[PDB]
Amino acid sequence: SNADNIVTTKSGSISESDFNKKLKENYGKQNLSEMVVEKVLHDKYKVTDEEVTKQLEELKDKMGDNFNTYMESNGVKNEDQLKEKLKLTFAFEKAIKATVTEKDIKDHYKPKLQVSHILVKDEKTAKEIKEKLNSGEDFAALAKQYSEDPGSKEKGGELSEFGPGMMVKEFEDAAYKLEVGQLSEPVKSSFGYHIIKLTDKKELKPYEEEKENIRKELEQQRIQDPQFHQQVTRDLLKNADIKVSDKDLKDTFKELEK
């Protein structure tokens, strides 16, 4: 019964009752949180047995003899339990992929830009250089004279072609406001102050032939960002209309406010 010991020691025994009460007091909330999140992910994003058995076989071949040792190091004791971990992980990813909207994909359908840039440490030098450019001095020559970027000062300030999300927002936004041959205003970044010149604006395949690739890149970009793992968790729980009836676990979703 509840008053019967579950362990004996030379320091005394512990009843199943005291054990169960202590357990709910120190893990009740963490366990309810996990349980509800797992119940919502399997509800909103179903994963099939094929997608999980497949991922498992690809892990068995890679692990080999080191598999039976790895499975026991994750609170898992059966292959059915490891599938549950793999399945929960795959549902979580489907949840993140679902946060990618048309607008997010359109904001990234922009042509790759071929630009040159001059990097100086202070804003004073940047305005001075921007004035020599207005006077008609050669951008490639000024980049050889003042740029601090070792990988572009010898090559007229040329940078490898780039596209959306590949550069710092301040640098990117300034570059897409330019027309071929136009110069930017001094742009501040962590390395100092930049002057951007657009030399070429690469062609762009139709939208309907790029949305697939754009979507996959955003999807993978969010899967690595743990900022989205916290965002997706938080949103699934708020949209779950959670109501705890157990008095001891009432303030489990306490910090879900935001």
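Numbering starts at 1 and runs along the sequence shown.
When the mean C-alpha temperature factors of 158-166 and 74-82 are read from the deposited coordinates, 74-82 comes out higher. When the two stretches 64-72 and 192-200 are set side by side, the higher mean Cα temperature factor goes to 64-72. Sorting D225, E219, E208, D43 by the CA temperature factor given in the entry leaves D225 at the top.
In the deposited entry, the Cα temperature factor of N213 places it in the middle third of its chain's modelled residues. Annotation for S1: CA B-factor lies in the highest third of the chain's modelled residues.
Ranked by Cα temperature factor within the chain, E179 sits in the highest third according to the deposited record. Among all modelled residues in this chain, the alpha-carbon of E102 has a temperature factor (C-alpha) in the middle third. Per-chain ranking of the deposited C-alpha B factor places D138 in the lowest third.
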